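Notes follow the structure.
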Amino acid sequence: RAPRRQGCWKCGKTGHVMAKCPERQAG
Ligand SMILES: [Zn+2]
């Protein structure tokens, strides 16, 4: 969630969902 702290570009923004995002950024 709250992608602004990275733009999720290494979290997975190339195809992830904001509820799978917490697995890579603890939030
Ligand atoms: Zn993310």
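Labels used: A, B, ... for chains in the order of the structure tokens, numbers from 1 for residues in each chain, and numbers from 1 for ligands as shown.
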Within 7 Å of ligand 1, which residues of chain A show up? Give each one with its shortest atom-to-atom distance in Å (one decimal) and the two atoms involved, counting only C-alpha atoms and all ligand atoms, rows by chain then rising residue number, as a Markdown table.
```
| residue | atom | partner | partner_atom_place_in_ligand_line | distance |
| --- | --- | --- | --- | --- |
| A:1 | CA | ligand 1 | 1 (Zn) | 6.2 |
| A:3 | CA | ligand 1 | 1 (Zn) | 5.5 |
| A:8 | CA | ligand 1 | 1 (Zn) | 4.2 |
| A:11 | CA | ligand 1 | 1 (Zn) | 4.4 |
| A:12 | CA | ligand 1 | 1 (Zn) | 5.5 |
| A:13 | CA | ligand 1 | 1 (Zn) | 6.0 |
| A:16 | CA | ligand 1 | 1 (Zn) | 6.8 |
| A:18 | CA | ligand 1 | 1 (Zn) | 5.8 |
| A:21 | CA | ligand 1 | 1 (Zn) | 3.6 |
| A:22 | CA | ligand 1 | 1 (Zn) | 6.6 |
| A:24 | CA | ligand 1 | 1 (Zn) | 6.7 |
| A:25 | CA | ligand 1 | 1 (Zn) | 6.8 |
```
> as a VMD selection string, which residues of chain A does DSSP assign to alpha helix (DSSP H)?
Replying inline: chain A and resid 22 to 25
Create the file for the chosen residues now, containing N, CA, C and O atoms and written as a PDB file, in the first residue's frame.
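Written file, selection_26.pdb:
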```
ATOM      1  N   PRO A  22       2.524  -4.893   0.261  1.00  0.00           N
ATOM      2  CA  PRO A  22       3.021  -4.948   1.644  1.00  0.00           C
ATOM      3  C   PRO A  22       4.095  -6.022   1.894  1.00  0.00           C
ATOM      4  O   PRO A  22       4.947  -5.851   2.763  1.00  0.00           O
ATOM      5  N   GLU A  23       4.100  -7.100   1.102  1.00  0.00           N
ATOM      6  CA  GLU A  23       5.095  -8.184   1.136  1.00  0.00           C
ATOM      7  C   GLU A  23       6.540  -7.707   0.866  1.00  0.00           C
ATOM      8  O   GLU A  23       7.494  -8.357   1.303  1.00  0.00           O
ATOM      9  N   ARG A  24       6.711  -6.564   0.183  1.00  0.00           N
ATOM     10  CA  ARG A  24       8.013  -6.029  -0.263  1.00  0.00           C
ATOM     11  C   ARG A  24       8.415  -4.719   0.427  1.00  0.00           C
ATOM     12  O   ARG A  24       9.566  -4.298   0.298  1.00  0.00           O
ATOM     13  N   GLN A  25       7.496  -4.084   1.162  1.00  0.00           N
ATOM     14  CA  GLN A  25       7.685  -2.756   1.772  1.00  0.00           C
ATOM     15  C   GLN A  25       7.108  -2.621   3.200  1.00  0.00           C
ATOM     16  O   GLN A  25       7.011  -1.504   3.717  1.00  0.00           O
TER      17      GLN A  25
END
```
